[PDB]
Amino acid sequence: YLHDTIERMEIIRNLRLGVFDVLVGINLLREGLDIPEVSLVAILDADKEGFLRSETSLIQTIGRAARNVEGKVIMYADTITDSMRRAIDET
DNA sequence: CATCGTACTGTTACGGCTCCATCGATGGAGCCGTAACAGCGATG
């Protein structure tokens with residue numbers, strides 16, 4: 001779980017070393033937070049409107065899972081929006 | 001939450017400078033007391 005960059009690099013190193021298997025963050029847009037071993041990312045309450053749920057933010061979060069050869073992105077939402085439709089079409 | 005702005009203020013260690021408190025003895029000479037040394041006449 002992530003609550004500055006000083007702790008960010010330590011958390012990234014711990015995740016790479018296998019000390020932690022999963023990571024949870026309130027704002028998943030900090031620079032350098034991507035990892036090459038991540039193969040699955042989930043979006044929770046994506047249907048709720050918010051800045052972090054915009055089309056550009058969704059594309060940015062989806063692009064983090066492209067590092068893995070078999071990386072995939074899953075979504076947990078019962079509703080769709082125009083921004084979601086555009087993001088899925090582009091992907 | 002990251003980014004930006006024409007050499008910043010106040011309080012402590014450490015080395016160098018300066019002022020202030022606090023702290024009988026030995027040899028020479030004179031004197032006294034004691035020990036030591038020198039220094040008529042009559043007869044056979």
# chains A, B, ... in the order shown; residues from 1 in each chain; ligands from 1

call {"tool": "closest_atom_pairs", "arguments": {"of": "chain A", "to": "chain B", "cutoff": "10 Å", "atoms": "only C-alpha atoms (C1' of nucleotides)", "output": "Markdown table"}}
result
| residue | atom | partner | partner_atom | distance |
| --- | --- | --- | --- | --- |
| A:4 | CA | B:1 | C1' | 9.3 |
| A:27 | CA | B:1 | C1' | 9.1 |
| A:29 | CA | B:1 | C1' | 9.6 |
| A:30 | CA | B:1 | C1' | 8.5 |

call {"tool": "write_last_selection", "arguments": {"atoms": "N, CA and C atoms", "output": "compact mmCIF listing (two decimals), in the first residue's frame"}}
result
# COMPACT_ATOMS: atom_id res chain seq x y z
N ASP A 4 6.26 10.31 -0.89
CA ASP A 4 7.01 10.98 -1.94
C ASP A 4 7.74 9.97 -2.82
N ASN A 27 -3.67 7.24 -5.91
CA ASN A 27 -3.44 7.91 -7.19
C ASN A 27 -2.31 7.17 -7.91
N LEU A 29 -0.63 7.45 -10.71
CA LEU A 29 -0.14 8.25 -11.82
C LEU A 29 1.24 8.84 -11.55
N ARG A 30 1.90 8.47 -10.45
CA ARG A 30 3.22 9.01 -10.15
C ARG A 30 4.24 8.51 -11.17

call {"tool": "residues_around", "arguments": {"residues": "residue 34 (chain A)", "least_positions_apart": "4", "cutoff": "10 Å", "atoms": "only C-alpha atoms (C1' of nucleotides)", "output": "ChimeraX atom specification"}}
result
/A:12,28-30,38,61,63-67

call {"tool": "select_by_dssp", "arguments": {"residues": "chain A", "states": "helix (DSSP H, G or I)", "output": "PyMOL selection string"}}
result
chain A and resi 5-17+51-53+55-67+82-90

call {"tool": "atom_distance", "arguments": {"atom1": "CA of residue 33 (chain A)", "atom2": "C1' of residue 3 (chain B)"}}
result
18.9 Å

call {"tool": "atom_distance", "arguments": {"atom1": "CA of residue 19 (chain A)", "atom2": "CA of residue 59 (chain A)"}}
result
28.1 Å

call {"tool": "closest_residue", "arguments": {"among": "A:83, A:37, A:1, A:74", "to": "residue 52 (chain A)", "atoms": "only C-alpha atoms"}}
result
A:83

call {"tool": "residues_around", "arguments": {"residues": "residue 70 (chain A)", "least_positions_apart": "2", "cutoff": "8 Å", "atoms": "only C-alpha atoms (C1' of nucleotides)", "output": "PyMOL selection string"}}
result
chain A and resi 39+68+72

call {"tool": "select_by_dssp", "arguments": {"residues": "region 39-75 of chain A", "states": "strand (DSSP E or B)", "output": "PyMOL selection string"}}
result
chain A and resi 40-44+72-75

call {"tool": "residues_around", "arguments": {"residues": "residue 48 (chain A)", "least_positions_apart": "2", "cutoff": "9 Å", "atoms": "only C-alpha atoms (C1' of nucleotides)", "output": "count of residues only"}}
result
6

call {"tool": "atom_distance", "arguments": {"atom1": "CA of residue 82 (chain A)", "atom2": "CA of residue 47 (chain A)"}}
result
11.1 Å

call {"tool": "residues_around", "arguments": {"residues": "residue 26 (chain A)", "least_positions_apart": "2", "cutoff": "8 Å", "atoms": "only C-alpha atoms (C1' of nucleotides)", "output": "list in words"}}
result
residues 2, 3, 24 and 28 of chain A

call {"tool": "write_last_selection", "arguments": {"atoms": "N, CA and C atoms", "output": "compact mmCIF listing (two decimals), in the first residue's frame"}}
result
# COMPACT_ATOMS: atom_id res chain seq x y z
N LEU A 2 0.50 2.20 -0.86
CA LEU A 2 1.19 3.48 -0.97
C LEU A 2 0.28 4.59 -0.46
N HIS A 3 0.82 5.44 0.41
CA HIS A 3 0.05 6.54 0.97
C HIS A 3 0.14 7.78 0.09
N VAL A 24 -1.38 -1.39 -3.89
CA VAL A 24 -2.60 -0.59 -3.90
C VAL A 24 -2.23 0.87 -3.72
N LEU A 28 -2.68 6.38 -8.92
CA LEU A 28 -1.71 5.57 -9.65
C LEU A 28 -1.28 6.30 -10.92
